Amino acid sequence: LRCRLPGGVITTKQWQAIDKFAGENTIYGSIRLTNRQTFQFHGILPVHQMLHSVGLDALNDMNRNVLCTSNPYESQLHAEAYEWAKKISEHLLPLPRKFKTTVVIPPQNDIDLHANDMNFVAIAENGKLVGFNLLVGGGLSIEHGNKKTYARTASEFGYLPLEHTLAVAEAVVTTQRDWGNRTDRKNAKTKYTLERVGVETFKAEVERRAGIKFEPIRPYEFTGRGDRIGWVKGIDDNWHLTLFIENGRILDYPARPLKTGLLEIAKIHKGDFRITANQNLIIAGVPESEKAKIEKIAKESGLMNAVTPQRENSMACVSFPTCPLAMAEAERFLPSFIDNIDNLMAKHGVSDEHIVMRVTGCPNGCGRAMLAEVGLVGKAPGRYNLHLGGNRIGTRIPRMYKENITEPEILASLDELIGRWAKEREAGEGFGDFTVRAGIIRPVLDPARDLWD
Ligand code: SRM
Ligand code: SF4
Ligand SMILES: [K+]
């Protein structure tokens, strides 16, 4: 079961409702935070009465959860951007393939815009949103050994004033609906349509349908994709506590009652929670006076157990035991895999550094390995394709480096590479960029044509 929850914003009352249902009516008893800012129940033995009762609804609707940057550095921008994510979500509610949309607040790309069909990049002036840069056509799904499939980054269309948001959102969806491949589902996605007809042709039709003309793209840059683990100062006397939750799996573990700790926080929390695109949770809008109380519960529940920057910047999809399409373990493999990576980082004197490392259970790519600096794509039990060369901000697809290898083989490759990066990297140079500069891996410059060797 998966819920519609634009921007990952969920109330504490709604949380208590899902917490109950998870514990009592499911086989696993867990709440699994997803990387699209929502949650899932696993092994449902209905839910819709419970969801509906707290103002929630589980999503032929070819639409997924609309994402929104969860913790902007310019705190006051969130309310507006969030309002827009909710409106787009409602506006699109009832396509060839499924349609994924986001609202991004630079300089953060935590929502990983390049994995989505439609992206509205917020442009603000004097603390107020004035418009959006539209980027269209991202998607990560591939099929092993099938060179007709490819991961693709989103293309810039142009800038549009806030007022034209919904019309533009509608024009993109309808154009894709009409132009999308009407036979082969594995080529129906927007990324394929754009490559077939061309960005300008698609862009022109969108302008025609929306009744507008796109303005030149307004400047924007991204500095990262990670969450801001810990306390950050929000607006007023408010603070936001982001908790690192490994694999977003919320369950009570012996000596680490993560699920109960969150229920306890939900009961005393003023504001609401925010599920992030990195499968973490933000206890949002905590008044300064409440910080200590909240911190006490989170601390004792094991929710604030310190982890390395590496673990904080690693991600995996659900995979086994519940995913029917799984080829290799992802969620269940990640913890110990990162234990090994942590050793390698210490051995090389870079324990304070991080590499955006992701493991996806099969090429469908839910773990977003195809936008990682180091991506592992499951091929069979215990075997993965190793991709290198993405960057920290997620604007480049990593090329396949080694194919169908096992963990021991993966660690050996990374031990050597991390060692080279540690001694050869320039000031503040990321691992991915380093592999590309050092000639370790050829970059992917135009995915539709050069992703496959
Ligand atoms: C939970 C999540 C991974 C995670 O650990 O967070 C997930 C889990 C699954 N995804 Fe997904 N996907 C998740 C994000 C994505 C992503 C990343 C993103 O959206 O940011 C992608 C890659 C980007 C893209 O779409 O290109 C993604 C691409 C897919 C695909 C391939 C779609 C395609 O266009 O080919 C499938 C398979 C399909 O739909 O045919 C799929 C299918 C599925 C299913 C529902 C398998 C199925 O069809 O029965 C998996 C459920 C496993 C389980 O046991 O829970 N999922 N999946 C995310 C659910 C997000 C959500 O709340 O909606
Ligand atoms: S990438 Fe494959 S294994 Fe992982 S959750 Fe998605 S469909 Fe399942
Ligand atoms: K996480």
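In UniProt numbering, the protein residues as written are 82 to 126, 132 to 145, 149 to 183, 212 to 570. Heads up, the beta-carbon is just placed ideally off N, CA and C, and yes, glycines get one too.
Alpha carbon to alpha carbon, how far is residue i from residue j?
i	j	result
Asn-160	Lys-350	10 Å
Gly-556	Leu-257	24 Å
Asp-100	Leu-380	7 Å
residue 69	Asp-369	Residue numbering for the chain in the displayed model covers 82 to 570; residue 69 lies beyond these limits and cannot be assessed.
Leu-568	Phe-390	39 Å
residue 37	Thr-439	This structure cannot speak to residue 37, because the chain is shown only from 82 to 570.
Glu-169	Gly-89	15 Å
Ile-259	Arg-566	14 Å
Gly-495	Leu-442	11 Å
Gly-478	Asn-243	44 Å
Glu-520	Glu-533	17 Å
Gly-343	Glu-429	8 Å
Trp-356	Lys-408	8 Å
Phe-102	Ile-522	40 Å
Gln-121	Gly-492	24 Å
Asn-502	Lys-217	25 Å
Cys-157	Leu-279	16 Å
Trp-173	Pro-333	21 Å
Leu-142	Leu-182	14 Å
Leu-375	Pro-525	31 Å
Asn-364	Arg-325	43 Å
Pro-87	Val-323	24 Å
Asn-457	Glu-446	16 Å
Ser-453	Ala-288	46 Å
For residue i versus residue j, is the C-beta spacing smaller than 7 Å?
i	j	result
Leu-82	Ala-144	yes
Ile-177	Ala-286	yes
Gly-511	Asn-226	yes
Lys-306	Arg-214	yes
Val-253	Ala-268	no
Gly-466	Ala-539	yes
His-231	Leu-488	yes
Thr-359	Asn-397	yes
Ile-411	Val-403	yes
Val-561	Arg-516	yes
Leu-283	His-167	no
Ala-433	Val-473	no
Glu-405	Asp-354	yes
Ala-383	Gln-95	no
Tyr-518	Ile-558	yes
When burial is assigned at 16 or more other CB atoms within 10 Å of the CB, is residue i buried or exposed?
i	result
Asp-229	buried
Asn-395	buried
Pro-480	buried
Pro-223	buried
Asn-149	exposed
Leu-126	exposed
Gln-135	exposed
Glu-317	exposed
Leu-311	buried
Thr-266	buried
residue 198	Since the numbering of the chain jumps from 183 to 212, residue 198 cannot be located in this structure.
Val-247	exposed
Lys-308	buried
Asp-570	exposed
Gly-499	exposed
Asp-234	buried
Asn-422	exposed
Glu-546	exposed
What residues in its chain sit with their C-beta under 6 Å from that of residue i, if we drop five residues either side in the sequence?
i	result
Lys-320	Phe-274
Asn-298	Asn-304, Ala-305
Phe-551	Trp-538, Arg-542
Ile-352	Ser-164, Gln-165
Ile-329	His-281
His-471	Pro-426, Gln-427, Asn-430
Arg-373	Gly-419
Only counting the same chain, and skipping five residues up and downstream in sequence, which positions put a Cβ closer than 7 Å to that of residue i?
i	result
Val-314	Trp-296
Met-444	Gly-478, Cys-479, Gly-495, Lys-496, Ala-497
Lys-387	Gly-402, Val-403, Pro-404, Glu-407
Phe-361	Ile-346, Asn-397, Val-424, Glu-429
Quick one: residues in its chain with C-beta nearer than 8 Å to the C-beta of residue i, no 5 flanking neighbours on either side, listed in chain order?
i	result
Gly-378	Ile-414, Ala-415, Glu-417, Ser-418, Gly-419, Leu-420
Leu-461	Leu-528, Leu-531, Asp-532, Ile-535
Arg-302	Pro-213, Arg-214
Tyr-276	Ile-240, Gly-248, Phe-249, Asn-250, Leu-251, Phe-331, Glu-332, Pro-333, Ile-334, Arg-335
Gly-124	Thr-107, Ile-108, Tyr-109, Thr-439
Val-133	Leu-82, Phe-102, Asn-106, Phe-122, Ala-144
For chain C, check one thing: does any of its Cβ atoms lie closer than 7 Å to the Cβ of residue i?
i	result
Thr-219	In the structure shown, chain C cannot be found, because there is only a single protein chain.
Give the residues whose C-beta lies closer than 6 Å to at least one heavy atom of ligand 2, in chain order. One residue after another in chain order, those with a Cβ under 6 Å from a heavy atom of ligand 2 are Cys-434, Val-435, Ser-436, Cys-440, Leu-442, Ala-443, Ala-447, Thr-477, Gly-478, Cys-479, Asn-481, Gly-482, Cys-483, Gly-484.
Pocket of ligand 3 defined by Cβ to heavy atom distance under 7 Å: A distance filter of 7 Å between CB atoms and the heavy atoms of ligand 3 selects the following residues in sequence order: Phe-361, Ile-362, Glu-363, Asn-364, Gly-365, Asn-395, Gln-396, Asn-397, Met-432.
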